[PDB]
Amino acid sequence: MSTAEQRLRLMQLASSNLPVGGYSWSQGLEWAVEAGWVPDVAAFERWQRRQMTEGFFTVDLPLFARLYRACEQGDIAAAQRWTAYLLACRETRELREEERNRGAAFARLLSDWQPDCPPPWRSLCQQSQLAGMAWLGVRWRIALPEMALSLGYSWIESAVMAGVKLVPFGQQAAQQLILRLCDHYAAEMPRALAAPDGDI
């Protein structure tokens, strides 16, 4: 698959229009708003930088890296074990169910795009969108760091569009926030992708 094709696929995986619904760490925000912690754009940025470094970069991204490496090695049993750890890291029953619902939504697309996808991997994708993304990344021969920018962009944009409604703030302020949160994501992603198993 050409470099131009890979670029368009990454923008399609990153899109707020991807029909999947919600984002990890989202329940933090409505609590934080109601509690008085996010009155304005500056406080929203502080709150989201903390969710990106304490949640996304300690759980989602490192487990996405391990699912990608497992798929690359053809190691389904390892991908099953990492998906189990991911679900245990979503401590609540409710947040495990949200992870599985997003997985089922993404699996409907995955099997349409690549009918190719073996049943054990489709079954794993229904546990987490991260396992589905990881299989699709390897199938499309897209490097882990590229997939990880598309994952992060999608998460950043979802968190900002939710802030628009909850804080609230406007469309112009949203675009400046996405810019600054993308800068922080680019500076910190490599350390997050390199972190050892002990740091998850």
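So that there is no doubt, residue numbering starts at 1 and follows the sequence shown.
Stretch comparison (191-199 versus 3-11) by mean CA B-factor in the PDB entry places 191-199 on top.
Of the two stretches examined, 90-98 and 73-81, the record assigns the greater average C-alpha temperature factor to 90-98. Looking only at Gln171, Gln48, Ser154, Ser26, the residue with the top Cα B factor in the deposited structure is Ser26. In the deposited entry, the Cα temperature factor of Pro62 places it in the lowest third of its chain's modelled residues.
Among the modelled residues of its chain, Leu124 has a C-alpha B-factor that falls in the highest third, as given in the PDB entry. The PDB entry assigns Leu130 a C-alpha temperature factor belonging to the lowest third of its chain's modelled residues. Per the PDB record, residue ranking by Cα B-factor puts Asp40 in the middle third of the chain. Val160 sits in the lowest third of its chain by CA B factor, as recorded in the PDB entry.
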